[PDB]
Each structure stands twice: as structure tokens, then as C-alpha cells.
Amino acid sequence: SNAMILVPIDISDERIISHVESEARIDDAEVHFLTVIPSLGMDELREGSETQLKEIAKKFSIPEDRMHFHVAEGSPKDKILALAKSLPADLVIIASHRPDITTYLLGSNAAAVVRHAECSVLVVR
Amino acid sequence: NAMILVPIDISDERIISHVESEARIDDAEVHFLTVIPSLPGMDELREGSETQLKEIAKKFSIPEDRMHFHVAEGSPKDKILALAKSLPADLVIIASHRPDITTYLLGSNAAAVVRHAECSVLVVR
Ligand SMILES: Nc1ncnc2c1ncn2[C@@H]1O[C@H](COP(=O)(O)OP(=O)(O)O)[C@@H](O)[C@H]1O
Ligand SMILES: Nc1ncnc2c1ncn2[C@@H]1O[C@H](COP(=O)(O)OP(=O)(O)O)[C@@H](O)[C@H]1O
């Protein structure tokens, strides 16, 4: 039962990198990157999303054999929470909001994950 | 531009040479499909199935940028046929039967695909 850290990533559009790396180093945790394709060809979108997720993950200094990639479809908050439950995650690491939006001190997904996760949550600023 | 559909049962080698050779003819896209039959979470089963599908595909000498992965849920023959139609496939490549079963010279999925597919079908022995 290695530690498992869930790292949701919005692939649309760096402070989380040092935090994920440091948290992973604590236990040599498994690091599960997740991207959610919002609802409303699917196999093609999933494939392109996985490729972009992997591109982003190259920025992180984590061993290859510790990184796992997930693509979900639907509500980002619902899927982040579902995966934190099913892994189960020992930690969720999430940015407080998108870097280019300051109106809200916590974004919606961050606020929901912080409140509803069954595990600890690190909100990164 | 050419598209080859290769259904794989992730429960249970001869098709490898044929797929590699057929793919070389045009530099075809190769679409691997596995169908998980109907009755823990569906999301985790889909991801677990895709992971095993990808491990099998590592046995095939085909360029990375030509391989595509699909997971469907239900009747294998119905989903094989649905994808062959919608891609649309120029070829389906299918083993005559499961390697370990000799009583049916042609398995039931192979028989339905070779009769109902709208494209050419290669039955491999
Ligand atoms: N589509 C998505 N897939 C995966 N994670 C996401 C997605 N959207 C948001 N998140 C997670 O939530 C974090 C904050 O996003 P959010 O709470 O929606 O605020 P904002 O709307 O400012 O981006 C993101 O940094 C990301 O970790
Ligand atoms: N669940 C499945 N998903 C994708 N392809 C399948 C599945 N089951 C069978 N096939 C395809 O059909 C081929 C032959 O299977 P089938 O006709 O069921 O014969 P058998 O009954 O001996 O397994 C398999 O090698 C595979 O290519």
C-alpha cells in the first residue's frame, strides 16, 4: 500500500510542480494525474487529452514508474472526488484557482474538493 | 488514412505478424478494441481494460503515432461491428477462435464479424 497522491490537471491552460514533487518525495508516492473532459469522437478526445496530460507531466521530477495517467469525462469536481475515493487517494493536490483568474480566492473545483474529499487536501498558492 | 480494426480479448500471438504486415501496406491507422461484456466502478473497469489492452499492443511492431485504443461495453460482436461501421474500418483482423479452444473451427464472434462486417475481414489462423 504505497501512498497515492491525486493531481488533477486542467490541460486547457507551474506553482503546483514543486509541491507535487516535494509531497511525492516524502514516501516515493504514486502520483496519479487526472484530467477531466467536460460533458455536453469520444475515443479521439480521450486520446488527445491523454497525450496533452503526458506532455504536462514531463515537467515534474518524479520517477517514470511512479506516474499514472487518468482521463475522465463529465463534471471535473465529481470525477476528481470519484477518483480520490476509488484509488483511494491519501492526498489531493490542487491549485486554489486558475493562474489567470483572481476574482475568486478559491475556484469552484478547489472549493468542492477541499470540502468533500475523504482525504487530506493541499491547496496550492 | 486506411484504418484497420483489431478486436482483442484481454483475457486471452498469431495475429501479430498479420496485423504488422497489413498495417505496413499503407501505413494504416491500427485501432485496437476490447469489449468488456455486460452483467468495481465502470470507470475503473474501463481504465483497467485500456491498460491491459495497451500492454498487449506493445507486442506489435507498429509506430506509436498509428495505434489507437478503444474500450466498449456489451456484446463483443455488436461493438466490433458498430466500430467497424463508424470508423469506418477498411479491414477487420480477427483470430478464427480463442487459441486454447479447438471444438469450434470458427468462434462465434469471428463468424458474426466475417458475415456482417461491411468491409473486408481477415480471419487469422
Ligand atoms: N477539467 C479539469 N480536469 C482536471 N482537473 C481540473 C479541471 N478543472 C479544474 N481542475 C482542478 O481544479 C483546480 C482549480 O480549478 P477551479 O477550481 O475550476 O478554478 P478555476 O475555475 O479558476 O480554474 C485546477 O488547478 C485543477 O487542479
Ligand atoms: N470481449 C472482446 N473484445 C474484443 N474482441 C473480442 C472479444 N471477444 C472476442 N473478440 C475477438 O474475436 C476473436 C475470436 O473470438 P470468438 O469468436 O469469441 O472465439 P472464441 O469463442 O474461441 O473466443 C478474438 O480473438 C477477438 O479478436
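Keep in mind that residues are numbered from 1 along each chain as the sequence reads, not by the entry's scheme, and that residues without coordinates are left out. Both sets of labels track the order of writing: A upward for chains, 1 upward for ligands. Based on all heavy atoms of the structure, the side-chain values leave hydrogens and waters out of the count. Residues with missing side-chain atoms are left out of burial classes, side-chain pairs and their counts.

Regarding how it was determined, this PDB entry cites X-ray crystallography in its header, along with a resolution of 2.15 Å.

> What should I look at first to understand the site of ligand 1 in this one?
Residues and elements named next belong to chain A. Near ligand 1 there are 17 residues, and of these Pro8, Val36, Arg98, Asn109 and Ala110 occur at the shortest range. Identification of polar contacts relies on pairs of N or O atoms within 3.5 Å, with a donor-acceptor requirement for protein atoms, meaning one able to donate a hydrogen and the other able to accept it, and with residues adjacent in sequence counted only if both atoms are side-chain atoms. In the model, an oxygen atom of ligand 1 is placed 2.7 Å from a nitrogen or oxygen of the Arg98 main chain. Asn109 places a side-chain nitrogen or oxygen 2.5 Å from an oxygen atom of ligand 1. For the accessible areas, the method is Shrake-Rupley and the probe is 1.4 Å, while residue cover comes only from the protein chains on display. Contact with the protein chains removes 86% of the 550 Å² of surface that ligand 1 exposes when unbound. At the level of secondary structure, the elements contributing two or more residues to the shell around ligand 1 comprise strand 2 (30–37), helix 3 (76–86), strand 4 (91–95) and helix 4 (108–116). Only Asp, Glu, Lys and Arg are considered charged, only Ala, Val, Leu, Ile, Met, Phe, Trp, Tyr, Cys and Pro nonpolar, and every remaining residue, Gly among them, polar. Looking at the shell around ligand 1 residue by residue, the classes come out as ten nonpolar, five polar and two charged. Near, as used in this document, describes a residue that has one of its heavy atoms within 4 Å of the molecule or strand being considered. In this text, helices come from DSSP runs of H or I with a minimum length of four residues, and strands from runs of E with a minimum of two, each type numbered from the N-terminal end.

> Whenever I open this one, the pairing of strand 1 (residues 4–8) of chain A confuses me. Can you help?
Side-chain positions along a regular strand alternate between the two faces of the sheet. All names here are of chain A. For strand 1, a buried count of five out of five residues is recorded, marking the element as mostly surrounded by other parts of the structure. Relative accessibility decides the category of a residue: with a 1.4 Å probe and only protein chains considered, values under 20% of the type maximum give buried, values over 50% give exposed, and everything between is partly exposed. Burial along strand 1 is two-sided: the face carrying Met4, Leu6 and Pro8 and the face carrying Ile5 and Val7 are both buried. The rule for pairing is simple: two strands pair if DSSP sees at least two bridges between them. As paired elements, strand 1 and strand 2 share five bridges and run parallel to each other. Bridge assignment links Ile5 to a residue of strand 2, and that residue is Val31. Sheet topology note: the strand 1/strand 4 ladder contains two bridges and is parallel. Along strand 4, the bridge assignment pairs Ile5 with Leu91.

> Sorry, what's going on with the environment of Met4 of chain A here?
All names here are of chain A. Residue placement: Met4 occurs in strand 1. According to the relative accessible area criterion, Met4 is buried, its value standing at 19%. In this description, contact between two residues means that some pair of their heavy atoms is separated by no more than 4.5 Å. In contact with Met4, not counting residues within four places along its chain, are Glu30, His32, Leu87, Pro88, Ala89, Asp90 and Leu91.

> It is not clear to me how the UniProt feature "binding site: ADP" (unreviewed entry) in chain B should be interpreted in this structure. Could you clarify?
All names here are of chain B. UniProt positions are given in the numbering used here, feature names are shortened, and annotations may be inferred rather than shown by experiment. With numbering aligned to this structure, UniProt lists the feature "binding site: ADP" (unreviewed entry) at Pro7, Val35, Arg98, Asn109 and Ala110. By the element assignment, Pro7 lies in strand 1 (residues 3–7). Here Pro7 is in contact with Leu33, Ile80, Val92, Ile93 and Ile94, once residues within four sequence places are set aside. Position of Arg98 relative to the elements: it lies in the loop between strand 4 (91–95) and helix 4 (108–116).

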